Each structure stands twice: as structure tokens, then as C-alpha cells.
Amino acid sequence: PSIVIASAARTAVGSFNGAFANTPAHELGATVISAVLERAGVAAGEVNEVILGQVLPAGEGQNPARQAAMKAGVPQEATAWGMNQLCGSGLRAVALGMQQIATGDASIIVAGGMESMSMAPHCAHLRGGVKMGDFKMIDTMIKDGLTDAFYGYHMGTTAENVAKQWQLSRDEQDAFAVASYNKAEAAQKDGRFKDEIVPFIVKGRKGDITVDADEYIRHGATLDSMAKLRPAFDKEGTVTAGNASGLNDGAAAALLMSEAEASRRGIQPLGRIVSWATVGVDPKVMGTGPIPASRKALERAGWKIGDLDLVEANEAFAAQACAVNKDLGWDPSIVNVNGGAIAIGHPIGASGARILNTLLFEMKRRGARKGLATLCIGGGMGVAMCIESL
């Protein structure tokens, strides 16, 4: 009934059509699965199941989570499956993997997320036939990942709904984004991402490429050039490409086992999963998802907001990230101390486990005792998890 995170790892977050432009998601997930096994001293033959969140798997083949486990050396006797709760998929898979051990149905779980938004294809239903007229080739990334299915507009429009409702101006969102760019750039140059990042070998034509640094992180971001950017969703809006997360590729996961299992193996876990929660909200303001999700998770853990030593709140948009900080009222100096998704990137299926990796390694590095990770979810949902160090 006590589940710990024995190890964690993530690939570098690649830009849209960048280093991982032609790399399938399971190839990134396989590297992460092998990394959490080596870092914990656990062999692949000991894994019972691999649970990987993924939002855009179209065209990758039968169950990409199974392909990642098999390629990482996990034997055929184990099982693997994918799940989709949009942006919270990477974190919910960890909660799902924790429940497999809590119910006594599994002993060792590799849980996380993987996403290749670059490899997302364009699709169209053509079985009935198009007898006459033009038809649209639909971008699966925009349709199945970034567009609300109830109102039809982009997730950035939901951020404009939060910005108008919370009275967050353009200058306040740009200032929040600049702070995120500077924190991520300082953390990258100081090597605070080296422990969590496992290098990925991009096997391509004309030679292999080793990717071990987040390429989407901007250097020397300026407030004046960001004020010149046009709004990306509403012509009279405030959300721009500068104060919003990007389109990215990456993978992240963690190795799960019971606290007694880790103690017999001599493993010092990165943290203990104290509680988790998922709550729904109005799809028009889905960015407010972390507000009830974090409160329920802290309530289940018996913690107060002031008890938290470190917080990782995903920065899908500067508008929604400002609202979550104002509502919950926690000290912003402990939230995303090494930057957020505005600078690091936002691979939907993997962002949930990505910020968990950043949370775990920063908690151990500075000796934080209580931490929380949370994300907003499209369609009006949120997920959160409380972590305690051992």
C-alpha cells in the first residue's frame, strides 16, 4: 500500500519537426524504458507491465506502448498498453501504474508518456468515397490533440477565455513567459537537466546524432521582441507564440515498485506517491483544471498548500498558468524553479511524466520533502499528484 518511484528518466524535448522530426514515439519511449531500468538496477525481465500515455499514435502501428517495451528488451511475457487523457496522460499513467501495484496485480511497473507531434499524420475517412467535391485532409495533431471537440476552437482560445475571465493582460502574460525562458535557460546552462535527461541516439541518414539537450529552450529571450508578436488564435487576443507552449516531441517515464520491494533491492527511491487526483472543469476554461485537481490531491494526502516545498505546474499557456498560481496562492518561487513548458516544450502525451521527472530530480537535488505536479487537460479536466521524499 506504499508505492515508491525507484527511478525516472526522460529524453530531451525536441522542437516541432526538429531533432526528432522522423523518430517514432516508441523509439523515444524505448530509450526511456531502458534508462529507468539501468538507473534503478532492475532488469527488463522483471517488469510486469509498461503503461505509456500517448495522444497521437495514428499510423505508428499496433499499440506503440507494446513496441516500446519490446524494443527496450522487456520480454514477451509482460504486457503493455497505451492510454489517452490528453495533456495529463503522462502523469495519469503513473497513477494507473501505481494502482496496479496497490491492488496486488503487479510488482514492477514502467509508467510514463511518449509523444511525437512531428510524426502525427494527416488523415481522412475515405471508405464511403468522395463522389463529388473537395474534402479536407485533417491534421491529427490539431484535430485529436489541440482542438476542443465541444466548441471547435483551439486550446489557445480556451486560454483567451481564462485571460479575459482572470483579467490577465498581454504584458502580464509576456512577463510570466520571460521568467519561464530565463529559468529554463539558467537551469540548462547550470546542468540541472543532465540527471533527468537520458541521451537519445537519432539514427538517421549520413550519420547518427546524439541528442542530450532540450533544443526548444530559447537563449536570451527579450520582452520587446515578444511584444511584437501577433496573437496566434484571436485577432484581438493576448495569447501569442511567445507566451504559449510549443509543439514538441519527447518521452518520459518512471519505474514503479512497492517501498518494501525497493528496500530489499537497496534502491533509494526518488519519492513516494502519497496521493493523486483528477477533476473535471468546463471545457471553455480547461486551463483551470489544476485548481480543483491540486486541492483534491492535497486533501487526500492530508497536506496544506503551505506544506509544499516544490511545485511543478505545467505551463500550457501563460494565461492559465497565472490563473492557477493566483487561485491556489502558493509561493511562485517554488513553482517551476527550472522553467516550464513555455520554454522547455509541451509534448502532450509525455508532458505529464516530463514535469514529474523535473520535480523528482529537483526535489532530490535541493532536498525538498513534499512536492506536487499538476497539469491542465483539454476538454475540461485536470490531474495532480503529491510526492514525498524518503
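A residue's number is simply how far along the shown sequence it sits, counting from 1.
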Checklist entry - Mean C-alpha B factor from the entry: is it higher for 325 to 333 or for 348 to 356? => result 325 to 333
Item to check | Stretch with the greater mean C-alpha B-factor as recorded in the entry, comparing 305 to 313 against 124 to 132 | outcome: 124 to 132
Checklist entry - If you compare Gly53, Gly340, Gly61, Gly29, which has the highest Cα B-factor in the entry? => result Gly61
Checklist entry - From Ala95, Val285, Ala297, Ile197, can you pick the one with the highest C-alpha B factor in the entry? => result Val285
Next on the checklist: Based on the deposited C-alpha B factors for this chain, I'd like to know if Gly152 is in the lowest, middle or highest third.
Outcome noted: highest
Next on the checklist: What third of the chain does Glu185 rank in for C-alpha temperature factor, lowest, middle or highest?
Outcome noted: middle
Next on the checklist: Where does the C-alpha B-factor of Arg10 rank in its chain, lowest, middle or highest third?
Outcome noted: lowest
Checklist entry - C-alpha B factor of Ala19, ranked within the chain: lowest, middle or highest third? => result highest
Checklist outcome for this item: Tertile call for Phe193 (CA temperature factor, within chain, third-based) is the lowest
